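The next block holds one structure in the form of structure tokens; read it before the comments.
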Amino acid sequence: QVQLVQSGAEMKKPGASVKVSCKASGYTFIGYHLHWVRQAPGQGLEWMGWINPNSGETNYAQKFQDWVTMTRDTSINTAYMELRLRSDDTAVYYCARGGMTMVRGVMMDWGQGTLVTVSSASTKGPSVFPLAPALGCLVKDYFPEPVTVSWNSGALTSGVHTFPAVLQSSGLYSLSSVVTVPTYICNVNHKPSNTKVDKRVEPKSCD
Amino acid sequence: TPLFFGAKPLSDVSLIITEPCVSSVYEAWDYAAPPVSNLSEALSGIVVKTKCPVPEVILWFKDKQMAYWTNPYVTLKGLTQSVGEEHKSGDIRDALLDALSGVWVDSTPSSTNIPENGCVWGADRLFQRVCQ
Amino acid sequence: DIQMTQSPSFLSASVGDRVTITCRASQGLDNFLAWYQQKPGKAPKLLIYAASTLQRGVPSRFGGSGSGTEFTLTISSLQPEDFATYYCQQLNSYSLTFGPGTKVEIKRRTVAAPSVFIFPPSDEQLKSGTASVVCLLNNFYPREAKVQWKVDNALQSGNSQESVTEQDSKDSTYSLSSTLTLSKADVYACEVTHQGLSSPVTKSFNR
Amino acid sequence: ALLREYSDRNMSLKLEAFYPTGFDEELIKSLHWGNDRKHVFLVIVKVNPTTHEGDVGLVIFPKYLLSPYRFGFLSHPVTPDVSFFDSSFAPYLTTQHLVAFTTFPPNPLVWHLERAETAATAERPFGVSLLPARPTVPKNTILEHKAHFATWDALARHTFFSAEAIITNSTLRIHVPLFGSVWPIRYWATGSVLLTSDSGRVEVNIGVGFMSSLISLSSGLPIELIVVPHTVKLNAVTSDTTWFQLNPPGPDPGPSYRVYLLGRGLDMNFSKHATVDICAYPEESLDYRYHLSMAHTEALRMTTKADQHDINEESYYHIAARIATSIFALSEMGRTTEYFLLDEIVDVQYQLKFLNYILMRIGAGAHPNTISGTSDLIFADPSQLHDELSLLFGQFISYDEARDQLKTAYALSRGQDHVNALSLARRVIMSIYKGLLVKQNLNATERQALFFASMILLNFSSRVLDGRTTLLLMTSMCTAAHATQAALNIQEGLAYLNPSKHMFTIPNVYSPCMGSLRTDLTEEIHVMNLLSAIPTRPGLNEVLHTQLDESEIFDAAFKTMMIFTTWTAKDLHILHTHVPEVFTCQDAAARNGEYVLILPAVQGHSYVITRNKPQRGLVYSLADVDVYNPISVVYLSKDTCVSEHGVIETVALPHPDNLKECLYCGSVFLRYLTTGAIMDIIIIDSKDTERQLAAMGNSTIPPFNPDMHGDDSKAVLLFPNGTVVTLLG
Ligand SMILES: *[C@@H]1O[C@H](CO)[C@@H](O[C@@H]2O[C@H](CO)[C@@H](O[C@@H]3O[C@H](CO[C@H]4O[C@H](CO)[C@@H](O)[C@H](O)[C@@H]4O)[C@@H](O)[C@H](O[C@H]4O[C@H](CO)[C@@H](O)[C@H](O)[C@@H]4O)[C@@H]3O)[C@H](O)[C@H]2NC(C)=O)[C@H](O)[C@H]1NC(C)=O
Ligand SMILES: *[C@@H]1O[C@H](CO)[C@@H](O[C@@H]2O[C@H](CO)[C@@H](O[C@@H]3O[C@H](CO)[C@@H](O)[C@H](O)[C@@H]3O)[C@H](O)[C@H]2NC(C)=O)[C@H](O)[C@H]1NC(C)=O
Ligand SMILES: *[C@@H]1O[C@H](CO)[C@@H](O)[C@H](O)[C@H]1NC(C)=O
Ligand SMILES: *[C@@H]1O[C@H](CO)[C@@H](O)[C@H](O)[C@H]1NC(C)=O
């Protein structure tokens, strides 16, 4: 099974420098090129460049030519992408394996992507508030994206609707996640602010 | 050093799988082709070894009871080609292609190397380095 | 640098139909073109690596044809899971360019009525200085529903906050959440207008 | 029909589930692999030899899955096969390609070549044709199957025959390209050419709308040039097995054809990017004369570079390609035009020898003794033409007719030359000889006659004498005076040149200096004199000065004089046969080029001029010569390795009229300088030359005349006896 794990997610202010990692598996690292493609929110795909994991040599796009650097490590089979943020650089960053040795550009397998947010603001944590007696929860007032929500140990497959984030006027994002019955827990995970809040469902009396 | 005539015999197919790796056992080997015109009227099977330092492919024959070593990359290429034609249709055929897909993805890369100098013969004596 | 054109930019069709997406290159790409499928929130997936060839593991419903400057992706029989945006990519060059993509939605054979649920509790939040009562619209089609309240509808209440889920990959349903948040605590009803309802039905809570 | 995926743990058996989709197979069979049925099975085995288990998989698939699916271009087409299965599978299974090396560049993005300017265009669907336009067939005429000459006049006029042999008699043949890099190619073969040596081999296969030229060097990487009809696509064999169609490296297809270059050097190894240069060859023209003209041009060019390297890598590939595509052109031309000419069929025979020689000897560096070649063409029956000409000879001539009679005679020989051909060749030489002693130059017709006369007499103790006596004559003919003119010729011819509209041919620029044994022409004294004679050819003069630097003009004059030294004299095989006496002892000087001049004498003996201290032979040291540049005349013997010194006795000349009997003839009049410069090697051929020798300046022949010369000039007469004499006067 060929897999690529990126890491993890992060936020950096403008003018900074950010590193994303790709963890190879299932294939010969030295034998297939590594490509980087970024996606702005609500926009399409943009190919940043590729790197030969054996040679070490890199090929860059004109857009990223002086603003980016790509490097790897043959030992742990990982690749690194370092970019200088111009504040127009906010996007999700993907790494992918070239699947054809004699034809450049075919992405056979993709990573899970890493969202990078560029803002002058300071990172903040989420606050969870379980709902009674539709059993879902409510996350509120965090920054930046993303935040992932899973129910129990992943025992609930069908029925879970995780709603898109809503930006408040306070400057912080908020979203909910619901499932529908007609005692479980909602597991919240915030990567930038390092927050994990387990809240359970035990319905209460209303008026 | 140690060379290879290209084939040993084998009476079973369980032997080939358990057979060692020519890559590891010897240093220089020579791939070989069976003394028969049509492979189909003869060849009973194809065994592929992925994880050898130099991945290999064996063409096994039942009646002949010979097992020949052939070029791993060229043979499977020619395989996925002949079974991949537009007119070819089958669900079985799809399983072939499903298996033939990621064959060399785990194993070591193909050569980037330059060949050696010297004259080349034609197809008659297959790409032999001799002038006259 | 070769520029890539895709048409249509947006389309919606029905299950069982045949969708045809097109790709256009600034100049001849010969054999080299790719087709990708990107579902919302997930990573792109390769469909057609050469102009005509189907990646093993990709459904047989997907096919491709083309040469030179013109390429066409065809979904033989559309399914609800096919909801995505589809990209084409230049192959085998120093600069690999992507098509703008084609958004593909799914129109439903039938109209599904929203199940309205309401969440009262402010308990953990109530002593923190805020009370949040969300209203839920789950698994409905078509898209249009307008939520109103017994109070005058105001950005202040943030009732215009609406988190709309991307189309369900099974029933093609939509889900909406309009959140009611009044900070510092300065009749409450959820009023939904939908074509799947006889008259606009309202579920309410007061205290 | 079984798809079965297994997992191995320890070696006993494996844990699996077998899924058959649509058909019945023996289920209990799986305990033993599905050999029993005609169907083939596939097994993928992943095992980490840590003793680690890994996993395996199996699919048994049916048999049929391995089975595949004005000039008339729709009759005998070029059809690529899908894979090795219905084709020749031997080289593909057995190739080390992709394992040891790769025939293709590792970087895929360098595969596509740009199209050259000289390549064909929509407006010029074929190419550029040379100006002595190919004669149109007369409207009334009917063309015979083969080509024949029943008369002498046939050679002078044009003889036509049908190209129908291409369309009627032909063979469908499978072609495996280099190292099994590309799937095979079915084609209808119009011909083949093979050139072999010590240091090189080039295989040329040619068919309707098809050419394969496999070019290989002992000292260099192999390449193959494949030419297919532009509509045809070739498929490259690559590591990734799931990419079905990839184009082997080359330029975009043209109006008539597509060209492919197999083998490395495209991205890096080539000295410049000649990738697009060589690939353009088949699309530059359909005129075989065009390619051969370019071949003769690079021929002369590289022989000037003979000093630094025995091998010219680039020039070898070039001249190889050129030779190959010219046969592709000629065959394809006849097909397209429905006919052929006799000159064309004869000319390629001579061109295939003369060019292969220079190709392997000078280009590849190989020993001349081992240079061989063979051609098989359906529209060409040389051996039948040989017998026709053999019976033609066997039943006064101007230089023109002689040139044609000899050219065709050289072109067709198996080594059997008709006695009267040789007799004609001799008479041509001697007649040119008697001409060149009164005059210092040869017109282009004279040179062509000399060229073929030479090649005929050096072609093969009878024929041995011819070799020695011609090398003698060639050497005598080449004087300081002629050499300067002869070098100017080569230089003028190369100066005013039109690859586009005109043919260049070496026999047109030829001279005895190319067929002589003289290594002294590169000496400063001569080269300097060459430069001073340049303004006597004002056109050539201006061309040289307006591009070449004054320093480079010297290199030029040096490099052209080089040709005269390296063309024949440097060849050891020619020497070894005709002058073994030079090599008899431990003698190094022969191969160290310490022997500046070689003069074949009566059988078993040859004179020699050496600058160093001679270690063998009868030695006459001329003592009037400057010490820093000495001339030692040395008489070498085959069976005598002894070393001695002779005395030069002096004699006087009688009155020219006095003796009707000739006691002098056969000797050699050597004119040298006190500066150590060798000038004139003139032989006394006839009783009249003898009379001109006794002349005081009443002699027509200038080296015999101590007037046109000066105080530095000294002269000595060499008898075949080994006797060296000074003349009084
Ligand atoms: C090398 O040696 C091998 C033998 O080992 C030969 O392989 C044979 O190859 C031929 C093709 O040239 C095969 O013949 C083909 O048979 C197919 C059978 O499939 C049909 O029937 C089966 C049931 O039996 C169904 O499952 C299937 O759906 C099909 O209905 C035919 O489909 C093929 O027919 C094609 O051509 C015929 C005309 O001959 C037309 O009538 C058809 O419409 C169609 O176009 C084909 O005939 C044969 O099966 C192979 N033998 C074996 C043992 O399987 C090679 O030919 C041989 N090659 C050389 C160069 O020596
Ligand atoms: C090498 O060859 C030369 C000639 O090529 C030989 O010289 C010859 O020597 C003999 C005497 O030994 C001469 O014979 C003479 O004949 C005349 C009549 O013609 C007569 O009057 C004399 O009395 C004498 O008998 C002969 O002329 C002379 N040749 C020449 C051209 O001068 C020489 O013998 C040879 N040397 C060797 C070692 O063989
Ligand atoms: C074909 O070749 C045969 C000899 O093999 C010959 O008899 C015949 O004339 C040739 N046909 C043509 C048209 O050249
Ligand atoms: C060359 O010289 C010969 C005489 O030796 C003469 O017949 C012929 O006309 C000359 N050719 C040219 C080109 O003048």
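Here chain B follows Swiss-Prot, giving residues 29-160 in order.
Cβ coordinates are placed from backbone N, Cα and C, and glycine is handled just like the others.
Shown in sequence order, B:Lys77, B:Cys80, B:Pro81, B:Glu84 are the residues of the chain, 6+ apart in sequence, with a C-beta less than 8 angstroms from the C-beta of B:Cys49 (disulfide bond). B:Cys49 (disulfide bond) falls within neither a helix nor a strand when secondary structure is assigned with DSSP, and so counts as coil. Sequence annotations record features per position, and here Swiss-Prot assigns disulfide bond to B:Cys49-B:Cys80 (among others) based on sequence analysis.
Annotated disulfide bond per Swiss-Prot: B:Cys147-B:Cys159 (among others), in sequence order, evidence recorded as sequence analysis. The number of other Cβ atoms within 10 Å of the Cβ belonging to B:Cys159 (disulfide bond), over all protein chains shown, comes to 20. According to its DSSP assignment, B:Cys159 (disulfide bond) is coil.
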May I ask you to report the DSSP-based helix, strand or coil state of B:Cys147 (disulfide bond)? coil
What residues, ordered by sequence, lie under 8 A Cβ-to-Cβ from B:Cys147 (disulfide bond) and sit at least six positions away in the same chain? B:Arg157, B:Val158, B:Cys159
Neighbour count (Cβ, 10 Å) for B:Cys80 (disulfide bond): 18
According to DSSP, which of helix, strand or coil covers B:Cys80 (disulfide bond)? coil
